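Take a look at the structure set out below.
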Amino acid sequence: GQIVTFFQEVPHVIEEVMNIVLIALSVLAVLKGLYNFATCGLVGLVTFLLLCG
Amino acid sequence: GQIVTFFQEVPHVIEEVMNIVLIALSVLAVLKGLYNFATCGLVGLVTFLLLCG
Amino acid sequence: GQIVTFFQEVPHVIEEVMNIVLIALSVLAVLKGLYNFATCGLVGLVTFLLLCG
Amino acid sequence: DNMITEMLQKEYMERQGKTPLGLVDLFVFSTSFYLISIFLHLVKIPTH
Amino acid sequence: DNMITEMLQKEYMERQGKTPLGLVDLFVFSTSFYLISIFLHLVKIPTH
Amino acid sequence: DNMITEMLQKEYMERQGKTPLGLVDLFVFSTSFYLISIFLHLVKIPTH
């Protein structure tokens with residue numbers, strides 16, 4: 001949606017601390033999600049099914 | 001309060017992708033929460049209580 | 001930021017049920033967070049750190 | 001500095017005319033419900 | 001067509017008149033703090 | 001009573017002028033992604 005609009009005007013809003021906190025929290029959430037996804041077993045399931053193939 | 005307003009605007013807002021994503025996320029959340037509540041031991045607690053009296 | 005504004009506005013908009021629910025959810029979240037931050041093992045690690053030196 | 005603010009407010013106002021606020025309320029409440037269930041699944045309540 | 005956007009925006013305006021922005025910031029930050037706590041719980045940080 | 005609503009809405013207007021909606025959307029979607037992750041952790045999906 002408007003995430004690209006946020007990316008276009010990053011320099012003009014990075015001076016606000018709220019935006020910095022929001023960006024850091026989003027990056028942390030994405031990192032934690034990726035960790036969970038690649039350790040819980042979802043990827044293992046995909047590999048298992050491809051191995052069967 | 002305003003939830004019923006959303007429940008009467010459904011034919012007029014279902015075409016936006018953001019609204020579809022929000023509705024799907026809400027339904028998924030509610031379902032996952034009910035799944036947790038079903039298999040959290042809470043029901044076991046309730047039954048144990050009834051067993052006691 | 002304006003959280004102090006929210007504290008200055010407590011008597012004025014406390015009658016809204018939405019605001020009561022938001023306050024209760026925030027306080028509950030903070031308490032659950034503190035419980036986790038005190039039971040997860042963070043304290044254990046920092047106490048072992050102090051034990052070492 | 002008014003161009004930046006006008007642009008950002010314009011995108012906010014466009015969003016508010018498409019996404020109903022009741023849907024935002026429903027999403028927030030459902031996420032809170034799921035968070036509460038998560039906490040209850042972490043506290044490990046036994047029948048005792 | 002503009003009636004729909006106007007009514008949705010009117011709902012948003014009423015909510016902004018009744019709910020303070022500090023309250024929603026507090027809610028968002030508290031939920032983020034709780035989310036960090038549950039990540040710490042899941043990842044099983046060691047003590048040794 | 002109009003004074004209270006005008007002040008609270010001025011706070012909202014300033015926040016909207018300083019924070020892009022795209023960042024709010026990114027934060028919400030990242031939180032939802034992380035929550036789905038912790039769900040798939042709680043369901044202990046096995047390879048078997």
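In the structure tokens, chains take letters A, B, ... by order of appearance, with residues numbered from 1 within each chain and ligands from 1 in the order shown.
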
Compile the contact shell of residue 3 in chain A as an NGL selection string: residues with an atom at most 9 Å away, counting only C-alpha atoms, same-chain residues fewer than 6 positions apart removed. :F and (20-26)

According to DSSP computed on the backbone, where in chain B is there alpha helix (DSSP H)? Give the residues as a PyMOL selection string. chain B and resi 3-8+10-13+17-38+42-52

Show me, as a PDB file with N, CA and C atoms, in the first residue's frame, the residues of chain B whose atoms get within 9 Å of chain E, using only C-alpha atoms for the distance check.
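Everything below was put into out-v5.pdb:
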ATOM      1  N   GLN B   2     -19.151   0.814  17.021  1.00  0.00           N
ATOM      2  CA  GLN B   2     -18.987   1.055  15.593  1.00  0.00           C
ATOM      3  C   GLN B   2     -18.771  -0.226  14.801  1.00  0.00           C
ATOM      4  N   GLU B   9     -21.448  -1.908   6.377  1.00  0.00           N
ATOM      5  CA  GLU B   9     -20.680  -1.390   5.254  1.00  0.00           C
ATOM      6  C   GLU B   9     -19.952  -2.486   4.486  1.00  0.00           C
ATOM      7  N   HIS B  12     -19.733  -2.449   0.739  1.00  0.00           N
ATOM      8  CA  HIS B  12     -19.122  -1.245   0.196  1.00  0.00           C
ATOM      9  C   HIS B  12     -17.622  -1.153   0.441  1.00  0.00           C
TER      10      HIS B  12
END

Define the interface residues of chain B facing chain A as those within 12 Å, counting only C-alpha atoms, and report them as a ChimeraX atom specification. /B:16-19,21

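With the cut-off set to 9 Å and only C-alpha atoms counted, chain E residues close to chain F are residues 13, 14, 16, 17, 18, 19, 20, 21, 22, 32, 35, 38, 39 and 42 of chain E.
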
CA of residue 53 in chain A to CA of residue 38 in chain A: how many Å, to one decimal? 21.2 Å

Pick out the residues sitting within 10 Å of range 43-48 of chain A, and hand them over as a list in words; count only C-alpha atoms, and ignore anything fewer than 5 positions along from it in its own chain. residues 37, 38 and 53 of chain A; 45, 46, 47 and 48 of chain F

Report chain D as a PDB file with N, CA, C and O atoms, in the first residue's frame in the frame of chain F, after least-squares superposition over all C-alpha atoms paired in order.
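Contents of part.pdb, freshly written:
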ATOM      1  N   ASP D   1     -17.605  21.434  25.513  1.00  0.00           N
ATOM      2  CA  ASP D   1     -17.231  20.062  25.200  1.00  0.00           C
ATOM      3  C   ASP D   1     -16.516  20.005  23.869  1.00  0.00           C
ATOM      4  O   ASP D   1     -16.030  18.959  23.463  1.00  0.00           O
ATOM      5  N   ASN D   2     -16.468  21.141  23.183  1.00  0.00           N
ATOM      6  CA  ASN D   2     -15.737  21.233  21.930  1.00  0.00           C
ATOM      7  C   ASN D   2     -14.253  21.492  22.136  1.00  0.00           C
ATOM      8  O   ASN D   2     -13.457  21.176  21.251  1.00  0.00           O
ATOM      9  N   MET D   3     -13.865  22.052  23.281  1.00  0.00           N
ATOM     10  CA  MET D   3     -12.450  22.243  23.567  1.00  0.00           C
ATOM     11  C   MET D   3     -11.730  20.912  23.703  1.00  0.00           C
ATOM     12  O   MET D   3     -10.637  20.735  23.152  1.00  0.00           O
ATOM     13  N   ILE D   4     -12.337  19.960  24.414  1.00  0.00           N
ATOM     14  CA  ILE D   4     -11.722  18.650  24.597  1.00  0.00           C
ATOM     15  C   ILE D   4     -11.534  17.961  23.252  1.00  0.00           C
ATOM     16  O   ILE D   4     -10.455  17.435  22.941  1.00  0.00           O
ATOM     17  N   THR D   5     -12.590  17.944  22.440  1.00  0.00           N
ATOM     18  CA  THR D   5     -12.514  17.273  21.151  1.00  0.00           C
ATOM     19  C   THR D   5     -11.521  17.964  20.229  1.00  0.00           C
ATOM     20  O   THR D   5     -10.778  17.294  19.504  1.00  0.00           O
ATOM     21  N   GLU D   6     -11.495  19.299  20.236  1.00  0.00           N
ATOM     22  CA  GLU D   6     -10.553  20.019  19.389  1.00  0.00           C
ATOM     23  C   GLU D   6      -9.118  19.713  19.780  1.00  0.00           C
ATOM     24  O   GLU D   6      -8.268  19.509  18.914  1.00  0.00           O
ATOM     25  N   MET D   7      -8.837  19.655  21.082  1.00  0.00           N
ATOM     26  CA  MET D   7      -7.491  19.344  21.552  1.00  0.00           C
ATOM     27  C   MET D   7      -7.067  17.943  21.125  1.00  0.00           C
ATOM     28  O   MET D   7      -5.945  17.731  20.631  1.00  0.00           O
ATOM     29  N   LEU D   8      -7.955  16.966  21.311  1.00  0.00           N
ATOM     30  CA  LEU D   8      -7.616  15.597  20.939  1.00  0.00           C
ATOM     31  C   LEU D   8      -7.415  15.465  19.430  1.00  0.00           C
ATOM     32  O   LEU D   8      -6.464  14.815  18.970  1.00  0.00           O
ATOM     33  N   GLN D   9      -8.291  16.083  18.638  1.00  0.00           N
ATOM     34  CA  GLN D   9      -8.129  16.041  17.193  1.00  0.00           C
ATOM     35  C   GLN D   9      -6.864  16.765  16.752  1.00  0.00           C
ATOM     36  O   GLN D   9      -6.233  16.359  15.773  1.00  0.00           O
ATOM     37  N   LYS D  10      -6.479  17.830  17.456  1.00  0.00           N
ATOM     38  CA  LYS D  10      -5.255  18.542  17.127  1.00  0.00           C
ATOM     39  C   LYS D  10      -4.042  17.649  17.314  1.00  0.00           C
ATOM     40  O   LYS D  10      -3.138  17.631  16.472  1.00  0.00           O
ATOM     41  N   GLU D  11      -3.999  16.902  18.415  1.00  0.00           N
ATOM     42  CA  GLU D  11      -2.852  16.018  18.621  1.00  0.00           C
ATOM     43  C   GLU D  11      -2.837  14.882  17.596  1.00  0.00           C
ATOM     44  O   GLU D  11      -1.768  14.494  17.104  1.00  0.00           O
ATOM     45  N   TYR D  12      -4.014  14.374  17.218  1.00  0.00           N
ATOM     46  CA  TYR D  12      -4.072  13.371  16.152  1.00  0.00           C
ATOM     47  C   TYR D  12      -3.550  13.921  14.827  1.00  0.00           C
ATOM     48  O   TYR D  12      -2.783  13.255  14.120  1.00  0.00           O
ATOM     49  N   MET D  13      -3.971  15.134  14.468  1.00  0.00           N
ATOM     50  CA  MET D  13      -3.545  15.738  13.212  1.00  0.00           C
ATOM     51  C   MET D  13      -2.057  16.065  13.219  1.00  0.00           C
ATOM     52  O   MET D  13      -1.403  15.987  12.174  1.00  0.00           O
ATOM     53  N   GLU D  14      -1.509  16.447  14.373  1.00  0.00           N
ATOM     54  CA  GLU D  14      -0.066  16.628  14.488  1.00  0.00           C
ATOM     55  C   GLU D  14       0.669  15.315  14.275  1.00  0.00           C
ATOM     56  O   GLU D  14       1.719  15.282  13.624  1.00  0.00           O
ATOM     57  N   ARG D  15       0.148  14.225  14.837  1.00  0.00           N
ATOM     58  CA  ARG D  15       0.791  12.931  14.642  1.00  0.00           C
ATOM     59  C   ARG D  15       0.753  12.509  13.179  1.00  0.00           C
ATOM     60  O   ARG D  15       1.720  11.939  12.664  1.00  0.00           O
ATOM     61  N   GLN D  16      -0.357  12.774  12.494  1.00  0.00           N
ATOM     62  CA  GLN D  16      -0.489  12.309  11.120  1.00  0.00           C
ATOM     63  C   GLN D  16       0.413  13.062  10.149  1.00  0.00           C
ATOM     64  O   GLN D  16       0.700  12.542   9.066  1.00  0.00           O
ATOM     65  N   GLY D  17       0.868  14.262  10.505  1.00  0.00           N
ATOM     66  CA  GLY D  17       1.819  14.994   9.695  1.00  0.00           C
ATOM     67  C   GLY D  17       3.271  14.650   9.926  1.00  0.00           C
ATOM     68  O   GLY D  17       4.138  15.150   9.207  1.00  0.00           O
ATOM     69  N   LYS D  18       3.565  13.802  10.909  1.00  0.00           N
ATOM     70  CA  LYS D  18       4.927  13.403  11.233  1.00  0.00           C
ATOM     71  C   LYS D  18       5.192  11.932  10.961  1.00  0.00           C
ATOM     72  O   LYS D  18       6.217  11.586  10.370  1.00  0.00           O
ATOM     73  N   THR D  19       4.298  11.052  11.398  1.00  0.00           N
ATOM     74  CA  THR D  19       4.449   9.624  11.170  1.00  0.00           C
ATOM     75  C   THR D  19       3.769   9.248   9.864  1.00  0.00           C
ATOM     76  O   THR D  19       2.558   9.459   9.733  1.00  0.00           O
ATOM     77  N   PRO D  20       4.490   8.726   8.877  1.00  0.00           N
ATOM     78  CA  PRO D  20       3.829   8.291   7.645  1.00  0.00           C
ATOM     79  C   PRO D  20       2.937   7.085   7.889  1.00  0.00           C
ATOM     80  O   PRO D  20       3.235   6.213   8.707  1.00  0.00           O
ATOM     81  N   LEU D  21       1.831   7.042   7.151  1.00  0.00           N
ATOM     82  CA  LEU D  21       0.900   5.928   7.278  1.00  0.00           C
ATOM     83  C   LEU D  21       1.495   4.630   6.746  1.00  0.00           C
ATOM     84  O   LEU D  21       1.102   3.542   7.185  1.00  0.00           O
ATOM     85  N   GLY D  22       2.445   4.720   5.813  1.00  0.00           N
ATOM     86  CA  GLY D  22       3.134   3.523   5.361  1.00  0.00           C
ATOM     87  C   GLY D  22       3.918   2.856   6.472  1.00  0.00           C
ATOM     88  O   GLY D  22       3.993   1.629   6.542  1.00  0.00           O
ATOM     89  N   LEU D  23       4.495   3.655   7.371  1.00  0.00           N
ATOM     90  CA  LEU D  23       5.192   3.099   8.525  1.00  0.00           C
ATOM     91  C   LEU D  23       4.230   2.389   9.474  1.00  0.00           C
ATOM     92  O   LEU D  23       4.559   1.331  10.020  1.00  0.00           O
ATOM     93  N   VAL D  24       3.038   2.953   9.680  1.00  0.00           N
ATOM     94  CA  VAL D  24       2.028   2.289  10.500  1.00  0.00           C
ATOM     95  C   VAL D  24       1.616   0.966   9.868  1.00  0.00           C
ATOM     96  O   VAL D  24       1.464  -0.052  10.558  1.00  0.00           O
ATOM     97  N   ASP D  25       1.429   0.961   8.546  1.00  0.00           N
ATOM     98  CA  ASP D  25       1.106  -0.272   7.836  1.00  0.00           C
ATOM     99  C   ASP D  25       2.205  -1.310   8.008  1.00  0.00           C
ATOM    100  O   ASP D  25       1.930  -2.489   8.256  1.00  0.00           O
ATOM    101  N   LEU D  26       3.462  -0.887   7.860  1.00  0.00           N
ATOM    102  CA  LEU D  26       4.581  -1.811   7.994  1.00  0.00           C
ATOM    103  C   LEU D  26       4.651  -2.386   9.401  1.00  0.00           C
ATOM    104  O   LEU D  26       4.884  -3.586   9.576  1.00  0.00           O
ATOM    105  N   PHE D  27       4.438  -1.545  10.415  1.00  0.00           N
ATOM    106  CA  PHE D  27       4.452  -2.023  11.793  1.00  0.00           C
ATOM    107  C   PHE D  27       3.344  -3.039  12.036  1.00  0.00           C
ATOM    108  O   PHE D  27       3.575  -4.088  12.652  1.00  0.00           O
ATOM    109  N   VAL D  28       2.134  -2.751  11.551  1.00  0.00           N
ATOM    110  CA  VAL D  28       1.012  -3.662  11.757  1.00  0.00           C
ATOM    111  C   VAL D  28       1.275  -4.997  11.070  1.00  0.00           C
ATOM    112  O   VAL D  28       1.052  -6.069  11.650  1.00  0.00           O
ATOM    113  N   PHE D  29       1.765  -4.954   9.829  1.00  0.00           N
ATOM    114  CA  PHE D  29       2.026  -6.185   9.093  1.00  0.00           C
ATOM    115  C   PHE D  29       3.148  -6.995   9.732  1.00  0.00           C
ATOM    116  O   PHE D  29       3.069  -8.227   9.796  1.00  0.00           O
ATOM    117  N   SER D  30       4.202  -6.328  10.212  1.00  0.00           N
ATOM    118  CA  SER D  30       5.288  -7.043  10.873  1.00  0.00           C
ATOM    119  C   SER D  30       4.817  -7.696  12.165  1.00  0.00           C
ATOM    120  O   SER D  30       5.204  -8.830  12.471  1.00  0.00           O
ATOM    121  N   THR D  31       3.985  -6.996  12.942  1.00  0.00           N
ATOM    122  CA  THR D  31       3.454  -7.595  14.161  1.00  0.00           C
ATOM    123  C   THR D  31       2.563  -8.790  13.845  1.00  0.00           C
ATOM    124  O   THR D  31       2.603  -9.804  14.548  1.00  0.00           O
ATOM    125  N   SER D  32       1.756  -8.694  12.787  1.00  0.00           N
ATOM    126  CA  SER D  32       0.929  -9.830  12.387  1.00  0.00           C
ATOM    127  C   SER D  32       1.785 -11.019  11.962  1.00  0.00           C
ATOM    128  O   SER D  32       1.476 -12.172  12.290  1.00  0.00           O
ATOM    129  N   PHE D  33       2.863 -10.753  11.224  1.00  0.00           N
ATOM    130  CA  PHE D  33       3.789 -11.807  10.821  1.00  0.00           C
ATOM    131  C   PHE D  33       4.410 -12.485  12.038  1.00  0.00           C
ATOM    132  O   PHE D  33       4.492 -13.721  12.108  1.00  0.00           O
ATOM    133  N   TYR D  34       4.832 -11.688  13.017  1.00  0.00           N
ATOM    134  CA  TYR D  34       5.410 -12.249  14.232  1.00  0.00           C
ATOM    135  C   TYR D  34       4.377 -13.055  15.021  1.00  0.00           C
ATOM    136  O   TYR D  34       4.701 -14.104  15.587  1.00  0.00           O
ATOM    137  N   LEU D  35       3.128 -12.587  15.067  1.00  0.00           N
ATOM    138  CA  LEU D  35       2.073 -13.331  15.750  1.00  0.00           C
ATOM    139  C   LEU D  35       1.821 -14.680  15.081  1.00  0.00           C
ATOM    140  O   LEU D  35       1.604 -15.695  15.757  1.00  0.00           O
ATOM    141  N   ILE D  36       1.824 -14.703  13.748  1.00  0.00           N
ATOM    142  CA  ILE D  36       1.645 -15.961  13.026  1.00  0.00           C
ATOM    143  C   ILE D  36       2.787 -16.922  13.336  1.00  0.00           C
ATOM    144  O   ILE D  36       2.572 -18.126  13.544  1.00  0.00           O
ATOM    145  N   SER D  37       4.020 -16.411  13.359  1.00  0.00           N
ATOM    146  CA  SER D  37       5.153 -17.268  13.703  1.00  0.00           C
ATOM    147  C   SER D  37       5.035 -17.789  15.133  1.00  0.00           C
ATOM    148  O   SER D  37       5.393 -18.937  15.416  1.00  0.00           O
ATOM    149  N   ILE D  38       4.537 -16.954  16.046  1.00  0.00           N
ATOM    150  CA  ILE D  38       4.323 -17.381  17.429  1.00  0.00           C
ATOM    151  C   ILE D  38       3.332 -18.537  17.479  1.00  0.00           C
ATOM    152  O   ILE D  38       3.536 -19.535  18.185  1.00  0.00           O
ATOM    153  N   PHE D  39       2.226 -18.406  16.748  1.00  0.00           N
ATOM    154  CA  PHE D  39       1.248 -19.488  16.726  1.00  0.00           C
ATOM    155  C   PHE D  39       1.861 -20.767  16.178  1.00  0.00           C
ATOM    156  O   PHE D  39       1.605 -21.859  16.698  1.00  0.00           O
ATOM    157  N   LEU D  40       2.641 -20.658  15.101  1.00  0.00           N
ATOM    158  CA  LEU D  40       3.267 -21.856  14.548  1.00  0.00           C
ATOM    159  C   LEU D  40       4.300 -22.450  15.499  1.00  0.00           C
ATOM    160  O   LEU D  40       4.549 -23.660  15.461  1.00  0.00           O
ATOM    161  N   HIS D  41       4.912 -21.630  16.353  1.00  0.00           N
ATOM    162  CA  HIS D  41       5.835 -22.165  17.347  1.00  0.00           C
ATOM    163  C   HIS D  41       5.118 -22.735  18.560  1.00  0.00           C
ATOM    164  O   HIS D  41       5.736 -23.456  19.350  1.00  0.00           O
ATOM    165  N   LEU D  42       3.837 -22.425  18.720  1.00  0.00           N
ATOM    166  CA  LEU D  42       3.065 -23.010  19.811  1.00  0.00           C
ATOM    167  C   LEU D  42       2.338 -24.277  19.388  1.00  0.00           C
ATOM    168  O   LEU D  42       2.150 -25.180  20.211  1.00  0.00           O
ATOM    169  N   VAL D  43       1.926 -24.365  18.121  1.00  0.00           N
ATOM    170  CA  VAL D  43       1.190 -25.530  17.646  1.00  0.00           C
ATOM    171  C   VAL D  43       2.045 -26.793  17.655  1.00  0.00           C
ATOM    172  O   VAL D  43       1.498 -27.902  17.661  1.00  0.00           O
ATOM    173  N   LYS D  44       3.374 -26.657  17.670  1.00  0.00           N
ATOM    174  CA  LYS D  44       4.301 -27.787  17.772  1.00  0.00           C
ATOM    175  C   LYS D  44       4.094 -28.773  16.616  1.00  0.00           C
ATOM    176  O   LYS D  44       3.633 -29.903  16.786  1.00  0.00           O
ATOM    177  N   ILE D  45       4.427 -28.295  15.421  1.00  0.00           N
ATOM    178  CA  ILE D  45       4.316 -29.102  14.208  1.00  0.00           C
ATOM    179  C   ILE D  45       5.515 -30.038  14.096  1.00  0.00           C
ATOM    180  O   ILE D  45       6.656 -29.573  13.965  1.00  0.00           O
ATOM    181  N   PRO D  46       5.311 -31.356  14.153  1.00  0.00           N
ATOM    182  CA  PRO D  46       6.426 -32.287  13.945  1.00  0.00           C
ATOM    183  C   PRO D  46       6.522 -32.775  12.508  1.00  0.00           C
ATOM    184  O   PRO D  46       5.581 -32.612  11.724  1.00  0.00           O
ATOM    185  N   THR D  47       7.666 -33.362  12.147  1.00  0.00           N
ATOM    186  CA  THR D  47       7.833 -33.894  10.799  1.00  0.00           C
ATOM    187  C   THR D  47       6.897 -35.068  10.529  1.00  0.00           C
ATOM    188  O   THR D  47       6.513 -35.293   9.375  1.00  0.00           O
ATOM    189  N   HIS D  48       6.526 -35.812  11.571  1.00  0.00           N
ATOM    190  CA  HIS D  48       5.627 -36.972  11.492  1.00  0.00           C
ATOM    191  C   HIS D  48       5.887 -37.861  10.276  1.00  0.00           C
ATOM    192  O   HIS D  48       5.116 -38.776   9.986  1.00  0.00           O
TER     193      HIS D  48
END

Using CA of residue 22 in chain B and CA of residue 6 in chain B as the two end points, give the distance in Å to one decimal.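 These atoms are spaced 12.1 Å apart.
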
Would you work out the distance separating CA of residue 20 in chain C from CA of residue 35 in chain C, expressed in Å to one decimal?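 Spanning CA of residue 20 in chain C to CA of residue 35 in chain C is a straight-line distance of 22.5 Å.
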